[PDB]
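Chain and residue survey
Here is how the chains run, residue by residue.
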Amino acid sequence: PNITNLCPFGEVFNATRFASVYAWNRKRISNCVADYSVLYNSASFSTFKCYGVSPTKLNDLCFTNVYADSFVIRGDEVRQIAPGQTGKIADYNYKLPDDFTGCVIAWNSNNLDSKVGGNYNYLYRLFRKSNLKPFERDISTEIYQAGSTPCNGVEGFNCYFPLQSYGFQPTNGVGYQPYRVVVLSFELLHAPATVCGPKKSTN
Amino acid sequence: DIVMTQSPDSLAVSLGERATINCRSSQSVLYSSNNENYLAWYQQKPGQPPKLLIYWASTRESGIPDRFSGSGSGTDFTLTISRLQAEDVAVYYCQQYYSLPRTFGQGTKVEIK
Amino acid sequence: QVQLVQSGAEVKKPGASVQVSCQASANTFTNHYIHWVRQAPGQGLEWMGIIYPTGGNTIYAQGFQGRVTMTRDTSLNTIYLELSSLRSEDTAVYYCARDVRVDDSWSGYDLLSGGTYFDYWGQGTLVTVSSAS
Ligand SMILES: *[C@@H]1O[C@H](CO)[C@@H](O)[C@H](O)[C@H]1NC(C)=O
Ligand SMILES: *[C@@H]1O[C@H](CO)[C@@H](O)[C@H](O)[C@H]1NC(C)=O
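This report concerns the structure included in the present document.

Backbone torsion omega between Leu100(B) and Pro101(B) reads 0 degrees, so that peptide bond is classified as cis. In this fold, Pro101(B) is placed in the loop between β8 (91–95) and β9 (108–112). A positive phi is found at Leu184(A), a non-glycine position, where the angle reads about 60 degrees. Mapped onto the fold, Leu184(A) is located in the loop between β10 (178–182) and β11 (185–187). One non-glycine residue, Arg83(B), lies in positive phi territory at about 55 degrees. Given the relative accessible area of 54%, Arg83(B) is considered exposed.

If you want it as structure tokens, here you go:
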């Protein structure tokens, strides 16, 4: 006995490119035997932070779906990725539910997601009409209205383009470097399914 | 990178009086979700390692007497030592644990009379 | 009965390797992170890195990204340095400061969030480097 199909975690964690936080992607992991012990024992991950279900308990408890929400955020902003937190990333870009069951994986990515001259290809939303609901993948790009006067669809006074650039540099502190993130929000539903742990069969 | 420098480099404190140690951060350490100001205050005597006094902005850690006190929010914070009578001459360090790399302050020496 | 001790004073040549380390009671330091703090005799404190003791996930300051590697030993729960390319600026004391994790919500480790403050420190391990004795 053995696994039938290893889950595409390599496709997510080791992805060639990672999207901005305001347009965070979501890979619907489905119908596969997941090995989480390989992820936990890795020494690269600077933050695992499992919620609800303990990390070692994962390898014999299993669910209907697993969504690997992924984005890039500087290190000090990582704490906002959690239930009940508040902040620019929590309010305007990515809000986790107050009741949550996942594991916010992260790792340093200075050598990949940055270069000598810096990088401006990552964006984040700085203004919005109101707070996000949980898992609200809002990819709005319209000019934000900050007042009563109309903005005329163009930048100006009381009108700011909602997405600003992180703009990293290799000289930034370790807490300010680009840390990739993967969330792994588990789910149950009326339909049974078995995205589940390894066989563990010694024989 | 949460750079930091205390306003008072060194202060001469008359014995038994109250001395304040202002401590300014470059970026606000206040976190909106729980509203706890992330600073802690340390003191090291010569040779010995530093000892924490106040772990959040205000509340003092167990085992220390109630002589010390700290208050403030945002970026302006102060350590107020009251009735400086014992041999508490040392260098006082305030440091952020809001984000890495934990930039401690340059430290200020307190002198008696 | 002090419950945190270091490996004692060390001396090394420039370009050599140094293994300042501190062994501690594993009964309580499975669930506490542990940092490393530098101090030159004339300057203030400086930060070097954080080690989650069991897993060994590590983060280093940008100033020493390519000069230090830190290991573990789950049996003893002791942690080491590998500070290399030693120079006159490297003479300093090295405390393995502890942390207390505040939140009971999340399981697992987080080197960016659950650090909080330095509740306990080790005795100083003064490291000196010179051309000759
Ligand atoms: C996994 O299980 C089945 C055999 O029971 C099949 O997919 C495959 O042979 C097994 N894996 C390998 C590596 O052979
Ligand atoms: C990413 O690649 C490295 C080296 O190619 C490998 O060790 C690691 O297991 C990969 N990631 C995952 C999640 O397998």
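Turning our eyes to something else, we now look at the site of ligand 2. Residue and element names in this part refer to chain A. Close contacts around ligand 2 come from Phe13, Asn14 and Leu39, and that covers them all. The separation between an oxygen atom of ligand 2 and a polar side-chain atom of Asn14 is 2.3 Å. In isolation ligand 2 offers 350 Å² of accessible surface; the protein chains occlude 33% of this area.

So, on to the interface of chain C and chain A. Across the contact, 17 residues belong to chain C and 21 residues belong to chain A. Both sides together, the interface formed by chain C and chain A hides about 1,500 Å², and carbon and sulfur atoms give 53% of it. Where chain C meets chain A, there are 0 salt bridges. Remark: the boundary between chain C and chain A carries 8 residue pairs in polar contact. At the level of elements, β7 (58–60) and β11 (106–107) of chain C are the ones that each hand at least two residues to the side of chain C that touches chain A.

Each partner contributes residues to the interface: chain B has 17 residues there, and chain C has 20 residues. Taking both partners together, chain B and chain C bury about 1,600 Å²; carbon and sulfur atoms supply 67% of that area. Of all residues in chain B, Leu100(B), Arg102(B) and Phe104(B) give up the largest surface area on contact with chain C, accounting jointly for 33% of the area buried on that side. At the junction of chain B with chain C, the criterion picks out 0 salt bridges.

Cut-offs used in this document
- Residues numbered from 1 in each chain as written, not as in the entry; some residues may be left out.
- Chains lettered and ligands numbered in written order.
- Heavy atoms only, no water.
- Helix = DSSP H or I, 4+ residues; strand = E, 2+ residues; numbered from the N terminus.
- Buried < 20%, exposed > 50% of the residue type's maximum accessible area, 1.4 Å probe, protein only.
- Near = heavy atom within 4 Å.
- Polar contact = N/O pair within 3.5 Å; in protein donor to acceptor, adjacent residues only side chain to side chain.
- Areas by Shrake-Rupley, 256 points an atom, 1.4 Å probe, with all protein chains shown as cover.
- Contact = heavy atoms within 4.5 Å.
- Buried area = accessible area lost by both parts, 1.4 Å probe.
- Salt bridge = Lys/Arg side-chain N within 4 Å of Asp/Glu carboxyl O.

Read these as geometric descriptors, not functional statements.
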